[PDB]
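Remember, it's 1-based here, ligands and their atoms both numbered in the order they're listed. Note that these values count all heavy atoms, side chains included, but never hydrogens, waters or copies made by symmetry. Note on naming: letters A, B, ... go to the chains in the order of the sequence lines (proteins, then strands), and numbering restarts at 1 for each one.
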Amino acid sequence: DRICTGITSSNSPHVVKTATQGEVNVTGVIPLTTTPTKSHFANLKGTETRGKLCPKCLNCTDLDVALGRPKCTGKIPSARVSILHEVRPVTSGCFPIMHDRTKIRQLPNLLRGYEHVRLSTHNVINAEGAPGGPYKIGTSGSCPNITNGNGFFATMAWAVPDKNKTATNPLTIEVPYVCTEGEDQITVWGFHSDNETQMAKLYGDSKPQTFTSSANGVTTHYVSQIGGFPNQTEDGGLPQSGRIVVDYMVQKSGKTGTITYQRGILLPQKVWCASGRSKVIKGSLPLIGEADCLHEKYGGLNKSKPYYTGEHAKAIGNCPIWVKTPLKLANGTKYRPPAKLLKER
Amino acid sequence: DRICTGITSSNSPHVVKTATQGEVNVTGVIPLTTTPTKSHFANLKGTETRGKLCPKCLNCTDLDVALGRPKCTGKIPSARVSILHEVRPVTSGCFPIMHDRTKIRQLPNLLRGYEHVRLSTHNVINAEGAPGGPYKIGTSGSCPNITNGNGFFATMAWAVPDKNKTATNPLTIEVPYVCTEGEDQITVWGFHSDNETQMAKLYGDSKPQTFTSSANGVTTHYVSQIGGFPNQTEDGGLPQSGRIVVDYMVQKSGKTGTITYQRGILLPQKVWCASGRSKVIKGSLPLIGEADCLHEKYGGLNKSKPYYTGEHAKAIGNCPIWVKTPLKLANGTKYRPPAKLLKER
Amino acid sequence: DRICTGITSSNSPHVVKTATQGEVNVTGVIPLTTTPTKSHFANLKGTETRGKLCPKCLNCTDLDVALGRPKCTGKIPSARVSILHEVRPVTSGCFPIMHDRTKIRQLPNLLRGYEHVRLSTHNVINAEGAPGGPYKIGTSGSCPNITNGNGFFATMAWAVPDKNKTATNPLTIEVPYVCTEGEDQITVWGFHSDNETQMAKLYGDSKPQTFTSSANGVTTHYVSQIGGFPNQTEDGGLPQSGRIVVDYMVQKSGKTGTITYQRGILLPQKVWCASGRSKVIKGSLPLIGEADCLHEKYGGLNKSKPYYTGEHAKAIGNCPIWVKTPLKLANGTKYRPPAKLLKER
Amino acid sequence: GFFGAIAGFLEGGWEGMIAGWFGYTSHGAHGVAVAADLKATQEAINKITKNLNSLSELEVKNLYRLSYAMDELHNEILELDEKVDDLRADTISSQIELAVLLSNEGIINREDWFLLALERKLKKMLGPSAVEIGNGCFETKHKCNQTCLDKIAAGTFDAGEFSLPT
Amino acid sequence: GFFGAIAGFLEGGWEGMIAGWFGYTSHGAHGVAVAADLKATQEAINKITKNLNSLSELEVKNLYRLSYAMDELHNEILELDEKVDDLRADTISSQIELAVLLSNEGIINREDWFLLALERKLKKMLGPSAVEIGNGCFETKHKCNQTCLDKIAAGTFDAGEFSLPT
Amino acid sequence: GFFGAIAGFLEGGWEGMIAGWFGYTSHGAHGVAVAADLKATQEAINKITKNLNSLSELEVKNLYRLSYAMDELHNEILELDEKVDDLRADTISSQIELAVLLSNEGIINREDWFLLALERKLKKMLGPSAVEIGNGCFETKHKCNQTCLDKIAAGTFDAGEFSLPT
Ligand SMILES: *[C@@H]1O[C@H](CO)[C@@H](O[C@@H]2O[C@H](CO)[C@@H](O[C@@H]3O[C@H](CO)[C@@H](O)[C@H](O)[C@@H]3O)[C@H](O)[C@H]2NC(C)=O)[C@H](O)[C@H]1NC(C)=O
Ligand SMILES: *[C@@H]1O[C@H](CO)[C@@H](O[C@@H]2O[C@H](CO)[C@@H](O[C@@H]3O[C@H](CO)[C@@H](O)[C@H](O)[C@@H]3O)[C@H](O)[C@H]2NC(C)=O)[C@H](O)[C@H]1NC(C)=O
Ligand SMILES: *[C@@H]1O[C@H](CO)[C@@H](O[C@@H]2O[C@H](CO)[C@@H](O[C@@H]3O[C@H](CO)[C@@H](O)[C@H](O)[C@@H]3O)[C@H](O)[C@H]2NC(C)=O)[C@H](O)[C@H]1NC(C)=O
Ligand SMILES: *[C@@H]1O[C@H](CO)[C@@H](O[C@@H]2O[C@H](CO)[C@@H](O[C@@H]3O[C@H](CO)[C@@H](O)[C@H](O)[C@@H]3O)[C@H](O)[C@H]2NC(C)=O)[C@H](O)[C@H]1NC(C)=O
Ligand SMILES: *[C@@H]1O[C@H](CO)[C@@H](O[C@@H]2O[C@H](CO)[C@@H](O[C@@H]3O[C@H](CO)[C@@H](O)[C@H](O)[C@@H]3O)[C@H](O)[C@H]2NC(C)=O)[C@H](O)[C@H]1NC(C)=O
Ligand SMILES: *[C@@H]1O[C@H](CO)[C@@H](O[C@@H]2O[C@H](CO)[C@@H](O[C@@H]3O[C@H](CO)[C@@H](O)[C@H](O)[C@@H]3O)[C@H](O)[C@H]2NC(C)=O)[C@H](O)[C@H]1NC(C)=O
Ligand SMILES: *[C@@H]1O[C@H](CO)[C@@H](O[C@@H]2O[C@H](CO)[C@@H](O[C@@H]3O[C@H](CO)[C@@H](O)[C@H](O)[C@@H]3O)[C@H](O)[C@H]2NC(C)=O)[C@H](O)[C@H]1NC(C)=O
Ligand SMILES: *[C@@H]1O[C@H](CO)[C@@H](O[C@@H]2O[C@H](CO)[C@@H](O[C@@H]3O[C@H](CO)[C@@H](O)[C@H](O)[C@@H]3O)[C@H](O)[C@H]2NC(C)=O)[C@H](O)[C@H]1NC(C)=O
Ligand SMILES: *[C@@H]1O[C@H](CO)[C@@H](O[C@@H]2O[C@H](CO)[C@@H](O[C@@H]3O[C@H](CO)[C@@H](O)[C@H](O)[C@@H]3O)[C@H](O)[C@H]2NC(C)=O)[C@H](O)[C@H]1NC(C)=O
Ligand SMILES: *[C@@H]1O[C@H](CO)[C@@H](O[C@@H]2O[C@H](CO)[C@@H](O)[C@H](O)[C@H]2NC(C)=O)[C@H](O)[C@H]1NC(C)=O
Ligand SMILES: *[C@@H]1O[C@H](CO)[C@@H](O[C@@H]2O[C@H](CO)[C@@H](O)[C@H](O)[C@H]2NC(C)=O)[C@H](O)[C@H]1NC(C)=O
Ligand SMILES: *[C@@H]1O[C@H](CO)[C@@H](O[C@@H]2O[C@H](CO)[C@@H](O)[C@H](O)[C@H]2NC(C)=O)[C@H](O)[C@H]1NC(C)=O
Ligand SMILES: *[C@@H]1O[C@H](CO)[C@@H](O)[C@H](O)[C@H]1NC(C)=O
Ligand SMILES: *[C@@H]1O[C@H](CO)[C@@H](O)[C@H](O)[C@H]1NC(C)=O
Ligand SMILES: *[C@@H]1O[C@H](CO)[C@@H](O)[C@H](O)[C@H]1NC(C)=O
Ligand SMILES: *[C@@H]1O[C@H](CO)[C@@H](O)[C@H](O)[C@H]1NC(C)=O
Ligand SMILES: *[C@@H]1O[C@H](CO)[C@@H](O)[C@H](O)[C@H]1NC(C)=O
């Protein structure tokens, strides 16, 4: 007799790629990729995840909370992961704003990149005694407070001259640093303007006014407009005749800021003290359920295979790795012609 | 007798590098690199390639076309690859400009990063009825049109007061969005200034004027100069006594812009509507021939070897890959001492 | 008898990681990593290393030398590696400055990124004949020179009106390019302000003044303050009543700059001509000794092992490579059960 | 592989092997008989499993948004950030494809060493009187039917019962 | 390699081999005779060619200019962009050098497996009566001149014509 | 390895080997005797040393500060620069771990080829009359005590002195 060693022969419908033989047919494989399917966004498994800034504040948007609208004040919980669910945030509240003449729409999104965010407990300057005369603090009917009747944003003070209604030269305030040592300070200020008759009635001058700010080498300059405003959007719905322009400046730890102003200033009162860092990707709300990974194109994912094929995007968590092609690991033997019967002659 | 297996012995002048034996001598090799030679620039093989912006406009530079000079208007063909052949573009045309007080020289290069670029078909604002009084539109003798005699740039309107020659406070226009939804809008504006006598004759005031622009959070401020200008360069050659300062602002889709101005404004008329994306590298003109790859140091290349050694730079197309050293793949057998005669005793 | 081949058996306390067997026990290893220890900073071995800008200038800080303080002038040696030892540089010298209203504190650090830095030999403009009237050049008692008695910074000229003490409109100077062709030009300018009485005595106007600068598309705007200044810090110790605000602008080769000003200008005299490039990391002084590598967390290192584990940071020189885990190379044989006596039965 | 092309191995295989990849076949007067080896198949499977574990246990760092850069105010920085993400994905994908190519290369090459091991296990267990030809086949002096190969592939074959020296 | 250093192979080679890299040589009373094997040489060449194809078929993404960043207004962004290009070129160059080092390592190591394959092909074709020594050489009972080795290396040698058992 | 699991090798080793990793052992009436081979150990050590030199001779580019970006005025650019450094360190670390994994894989696999080399060196030097079993062991017709193995492992054993054909 003749006893020999050999190798099986079977159906070999799979193809793999080697480095010295080219592409070969193999009996079986192990896939290493999937193409996922679009789903909704979830809570990250093991970490606290931020959606809205204050979720216990009802009937508030994120810009409402960032600007300090009355009845939208609350404690902001910490989080190590955030969702950016709104690329151009809106108000629904207080006095009407001309949102598009500054960069204020992006203030909530900035605030969501820090882990700890809080509103100071004291005012940064005393408004009634600031340069430019004794002031009285103005309130608006389109801004009611907890016992209804008149209010304003908690981050600013509308300073109207008390006794002397006259024009002025530019005035300068130095905005101090009131947070603790590792924290950044975000200061919110702005100005108000109206039509000619009301400008002469409130302030004593009916010409455009000039405003300047400076912090950490960054400088900004504005000029106001008298009359002929666009229409009111995203506000309380009462008719008005004037508008406000709002801005913010960042003070890195230890540093002081400067504002130069004329008639119509909204002086800063409460500042945001912010420290730490958070991880942000774009998503949508509500967050339903729990998942291993969050992906910008696919939502929540659970990791099964080590790799994936599809659209590459940003992701946070326990995620697979992106590859160009579907990859396979051989789990068989190379193709073997059914040459039993050839040798069996 | 004795029959043995063996291996040849030959001249082994080549050296390759292994991981467990060091460097060895081998009979033959396969090179994998070349050092290319500097050549001219060509057309990319398989793609439409942009040189000049409007190549059917004769006697025009790129900044002439970008500013809308008369007889330099034409249709701008689309392209997915562009050549940046001029790091500081020049004019040769219309009214003289003080090019170095703004960022306008870079407007053509910006326009060449978009795939589709066109000039709107209607004016963005009505110039004669803008704030600041009824206006009349000024023309220049150094800017003749198709039937010669007087013209101006098509992107701007020189607004001179019609009846009342008086000073003014700052005025504000809101520049609207007139392109379709996926497109960016580039707005071109500026101002004119002269010596004292002519400033009092044209506008009614002989002091410096202040101009401001704002779009998408970006703000800019200018002050004009009365008399004592530098010399005229890159213009039609007629003597003048005043100069213009030109700038542009970008409006991302949906957004509105703002200009604040005084006497001497050149108001925007035609805006650039631009969408898509193009791939840019630095090169030179003319484009002669066709090639697989375009390289910033070597020009047009045809791919022969997978790698190259030389100066690394940016490249577009079907290109080899850069490596530090010349690489070789062994195509022989290791060095074998000619020990025939040693065993042949 | 029976003669067999075999493999030794020993203590196998080391563990290495393979790709098809998992983790195995091995007789011996070769380590490839270390965790270094914090040390002081040294001189790079083979290269000239910069600490202070002028180390032969005694009792000077780096900002003193950058601003041109009297008796702090000297030749600045070239170097291909620099140490950034001060994240907010201080003065100790001349007239008091309000350092925090501009970006001037960072001027020394900018200057330390160039290989060649020198101060021009002629003044860039003639100060007494500049626009705004005939001027006389002011000196300060808190700024004595080599034969004591009165001086000022060598990069600026304090221009006070000679005969006519009146208010003015904005004036414009064009700052020319005086360095050679491959070099960048850094221009230093500023302005002085005081309380109301002294402003009316020195200049003839007691209102805030406006200053603007423009170079290479970058624009900046300032407004001055009358009275109520903060306290003097980092100066010569004499009592004063006014303060200066200082800034710089960069002109890339060939380009011209522009300044617009009013009463109180400190016009530029000597400019910094700078070319080349240097390598910078953060460290501390003094430099003691010599080392192969400089590391931002560990100081000077000598290379023993190819890799290291610890905190990753920037480094310059002949340095090891960072890896996540301690790595080992097997230098033994796999674990072998002491089965002598098992077969020895 | 390149080893069996020269050494003279058989280029085809048997479909009587259903319980394994590698095995034995005996050709004689009665015809052909086939049996499968279980231990060789098992350790080939084990090595492929350890290789899969090695491939599945590598980590790279997450890519998410920059904290300080805002839309429409920092467009240049955000374009460079997108380019950085593109390039990093490209590099890691190329590295993973290289690792899988090396893995499949090794898996396909082991098919001749798994067969040399079988050949000389068979030589040891088949007794001193057998003769090696050179291409994995052996010539015996005794009949070997299906139960014979069943005992051979199971590691219980003893030539003593066949009245031949061992 | 490390295999022939211990197994006792010859450290030198023959220049009578002009038509191949690997081959046979017979030493006897008449002196020496040399012949070359063509199939082994051919498949070694084929494997090196497939390896070259594998090395030549990898792609990386193009590096070109940023669309929105302008000269002298965005110098900081453009310096960072240049640094990104430098680092990416460095990383891909290091990876390519690693792949070529592995390729050359494999090509130089195969020289002893190509020779074991030849040794046992020769043993199979040389007949049952030959004796293996251990270092690739064989002792025969018959004369083998140049035409003998010509028929051996061509795969047509039959010991039956030599009046010896096969 | 996977080769000795099937070929029938011994799963244990000897601690009489103090002067090497690989060696010989003779089992007979007198009991056991052990000796160590020096050349095999030496070239295994040499190959590990060349591998260490290959691992230790790769360079990457330095990472230092950008020359034009200043603190607190260019914070967005500096955050992106820090991210670039993080990503580059991660990529190069992953590549180095892959190279070390391949090195250790090769070092652990060579342990069976170093032993096949020893087996057939022993077969060549032990004389034509010995019989190979199949798992590296050999049967001789003569006594072999410690001095016998001392001469065998030193490469001076000659069977002529043992009154047996060579
Ligand atoms: C090795 O692997 C390849 C890749 O899977 C196998 O090729 C495949 O073979 C089947 C059978 O012929 C092809 O099916 C097709 O059926 C249609 C009718 O539905 C017929 O018109 C086609 O001509 C073809 O027969 C299948 O398309 C084909 N796949 C590819 C990508 O070409 C191959 O059979 C395997 N085995 C061998 C020995 O090559
Ligand atoms: C500038 O804005 C102010 C905003 O108050 C405009 O004043 C308002 O003008 C309307 C015009 O009719 C006044 O309505 C009047 O209300 C009184 C009291 O209810 C009523 O007796 C009249 O018959 C009429 O309905 C309104 O009171 C008045 N508000 C004020 C003065 O506070 C003003 O018209 C605007 N100016 C221009 C030029 O647009
Ligand atoms: C990814 O994996 C997570 C974790 O398993 C999945 O969340 C799981 O979803 C199931 C089904 O909705 C829930 O568990 C079960 O819910 C039923 C609801 O009646 C409850 O009666 C069972 O006792 C059990 O709790 C739950 O939401 C959650 N499981 C756990 C243990 O937390 C998720 O659906 C997976 N997919 C994605 C895309 O995230
Ligand atoms: C292995 O490869 C190396 C690298 O090519 C070979 O080294 C080379 O050998 C030649 C012959 O000696 C050298 O030529 C030179 O000629 C000049 C006269 O023109 C003489 O002065 C030199 O002393 C030398 O002989 C050549 O420079 C040399 N290359 C290098 C880089 O050193 C080597 O011959 C090859 N073979 C062996 C067995 O090493
Ligand atoms: C400010 O710029 C204006 C630019 O027009 C200067 O006005 C021009 O001044 C020249 C000086 O001679 C005038 O030339 C005259 O032309 C008339 C008509 O051809 C001729 O009769 C005279 O003999 C002389 O050649 C020119 O007409 C005049 N252009 C005007 C008024 O439109 C003006 O001088 C500049 N002012 C300063 C202070 O530099
Ligand atoms: C890279 O490869 C391209 C493609 O082959 C080269 O362009 C080729 O250049 C030849 C020679 O100038 C031209 O083809 C021939 O031109 C003659 C001119 O008389 C014509 O009579 C022939 O019939 C033929 O068309 C042509 O420009 C072009 N060939 C093709 C088929 O398009 C190029 O020169 C190579 N090198 C570089 C650096 O690009
Ligand atoms: C293979 O390598 C591993 C890794 O070093 C060895 O494991 C180690 O074995 C020793 C001896 O048992 C362990 O020592 C410990 O001693 C304490 C008392 O101080 C005792 O309570 C522990 O239970 C243990 O015996 C050592 O912790 C252990 N290392 C690890 C990481 O588990 C192993 O011995 C080596 N050899 C074999 C055959 O596995
Ligand atoms: C604005 O700043 C100037 C800075 O000089 C202040 O002027 C200084 O005011 C003090 C106040 O007493 C003067 O001191 C006097 O000195 C003279 C001469 O030594 C002495 O006779 C007096 O008894 C008194 O000590 C000082 O001379 C004066 N310096 C001057 C005028 O150059 C001024 O007070 C400040 N204004 C305000 C409103 O703060
Ligand atoms: C890294 O390596 C350098 C280079 O060796 C080390 O610097 C060496 O430090 C030694 C000890 O301080 C010095 O060399 C000796 O100094 C004594 C001082 O009395 C002198 O008498 C000897 O003749 C000898 O010069 C020297 O500073 C320096 N050696 C040389 C040759 O330059 C350094 O300490 C090592 N470590 C670090 C963290 O840099
Ligand atoms: C809510 O808003 C009302 C607006 O009237 C506030 O009531 C006035 O508050 C001021 C501030 O102390 C008092 O001087 C007035 O006497 C209050 N009554 C009036 C104007 O009728 C009320 O204090 C606010 N409640 C808050 C802020 O908690
Ligand atoms: C070319 O420029 C000439 C400049 O005179 C234009 O001619 C005048 O155009 C205006 C605009 O409608 C008319 O009001 C005048 O009556 C024209 N004739 C004059 C001033 O003599 C001419 O229209 C321009 N051609 C174009 C723009 O196609
Ligand atoms: C050092 O400073 C003193 C300050 O008095 C300078 O002395 C005056 O210099 C000016 C400039 O030429 C002369 O017009 C005066 O006549 C000098 N004497 C006075 C005012 O008493 C001196 O020149 C400076 N030395 C330098 C700059 O080297
Ligand atoms: C939120 O808004 C709804 C809609 O008007 C209202 O009914 C509800 O009372 C509001 N809740 C609070 C807490 O203000
Ligand atoms: C503002 O409101 C009026 C009133 O309906 C409307 O006619 C006008 O179009 C609105 N303006 C804009 C810009 O929509
Ligand atoms: C272009 O300029 C040349 C040079 O003067 C001139 O001869 C030619 O007519 C011009 N062509 C057009 C179309 O303007
Ligand atoms: C301007 O032109 C005049 C006339 O030739 C010349 O003297 C002067 O130098 C020119 N100015 C410059 C800056 O070249
Ligand atoms: C300035 O100096 C005075 C005098 O001691 C001191 O009272 C005051 O607190 C100082 N100002 C600051 C901001 O420290």
Side-chain angles (χ1 to χ4, degrees), chain A residues 7-18 21-29 31 34-49 81 83 281 283-305 308 310 315-320 325-326 328 330-339 342, chain B residues 68-74 93-95 119 121-123 126-128 135-160 162 236 238 269-270, chain D residues 11-13 15 104 108:
Chain A
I7 186 173
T8 191
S9 290
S10 296
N11 207 29
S12 302
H14 294 99
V15 164
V16 301
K17 194 177 290 227
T18 70
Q21 313 194 28
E23 282 178 294
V24 299
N25 280 65
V26 286
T27 295
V29 294
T34 45
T35 312
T37 44
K38 175 69 180 71
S39 193
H40 54 253
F41 273 84
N43 280 286
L44 200 53
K45 187 268 183 181
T47 315
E48 69 275 16
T49 299
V81 163
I83 304 278
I281 57 165
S284 70
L285 300 185
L287 307 177
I288 297 155
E290 183 155 359
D292 283 2
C293 174
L294 294 175
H295 197 281
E296 273 197 1
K297 298 296 178 187
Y298 294 133
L301 285 82
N302 288 337
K303 196 180 179 274
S304 45
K305 301 273 178 60
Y308 81 94
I316 289 168
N318 193 16
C319 309
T325 42
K328 285 170 191 201
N331 185 37
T333 48
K334 193 191 181 270
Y335 181 82
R336 197 63 57 190
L342 282 187
Chain B
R69 151 162 177 233
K71 305 189 269 205
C72 287
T73 49
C94 204
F95 206 85
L119 209 54
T121 55
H122 308 288
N123 301 318
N126 171 53
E128 296 91 47
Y135 286 130
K136 83 203 154 200
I137 312 307
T139 61
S140 189
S142 44
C143 299
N145 57 345
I146 62 170
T147 63
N148 295 57
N150 263 9
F152 209 69
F153 303 94
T155 46
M156 283 174 288
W158 181 9
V160 297
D162 201 355
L238 289 188
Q269 291 293 77
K270 297 282 194 291
Chain D
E11 300 181 316
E15 306 116 43
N104 282 329
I108 303 295

Quiz item: Which parts of the protein, at residue level, reach under 4.0 Å of ligand 3 through a heavy atom?
Solution: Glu290(A), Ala291(A), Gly300(A), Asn302(A)
Exercise. Please examine the side chains of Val26(A) and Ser12(A), heavy atoms only from C-beta on, and report whether any two atoms are closer than 4.5 Å.
Key: no
Practice problem: Mind checking the CD-CG spacing from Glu23(A) to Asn104(D)? Nearest 0.5 Å is all I need. | Solution: 11.0 Å
Quiz item: Can you check whether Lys334(A) reaches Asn25(A) side chain to side chain, under 4.5 Å on heavy atoms?
Solution: no
Quiz item: Heavy atoms, side chains only, cut-off 4.5 Å: are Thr8(A) and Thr333(A) in contact?
Solution: yes
Quiz item: Shortest non-hydrogen contact from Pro144(B) to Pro70(B)?
Solution: O-CB, 3.7 Å
Quiz item: Considering only heavy atoms of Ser12(A), which atoms of ligand 1 have at least one such atom less than 4.0 Å away?
Solution: 1 (C), 35 (C), 36 (N)
Quiz item: Taking both backbone and side-chain atoms of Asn25(A), is any N or O found less than 3.5 Å from an N or O belonging to ligand 1?
Solution: yes
Self-check item: Close side-chain approach of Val81(A) and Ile316(A), heavy atoms under 4.5 Å
Solution: yes
Self-check item: Partners passing ring pair (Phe, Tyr, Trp, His ring centres under 6.0 Å) against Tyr298(A) (at least two apart in sequence or in another chain)
Solution: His295(A)
Quiz item: Looking only at heavy atoms, which two atoms of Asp292(A) and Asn302(A) are closest? And how far apart?
Solution: N-OD1, 3.3 Å
Quiz item: Taking all non-hydrogen atoms of both residues, which atom of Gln269(B) and which atom of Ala154(B) are closest, and how far apart?
Solution: CB-O, 4.0 Å
Self-check item: Contacts of type salt bridge (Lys or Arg N to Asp or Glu O under 4.0 Å), residue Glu11(D), not counting sequence neighbours
Solution: none
Protein N/O near ligand 11 N/O, under 3.5 Å, which pairs?
residue	atom	partner	partner atom	Å
ligand 11	2 (O)	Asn145(B)	OD1	3.0
ligand 11	2 (O)	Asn145(B)	ND2	2.3
ligand 11	2 (O)	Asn150(B)	O	3.0
ligand 11	25 (N)	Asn145(B)	ND2	2.8

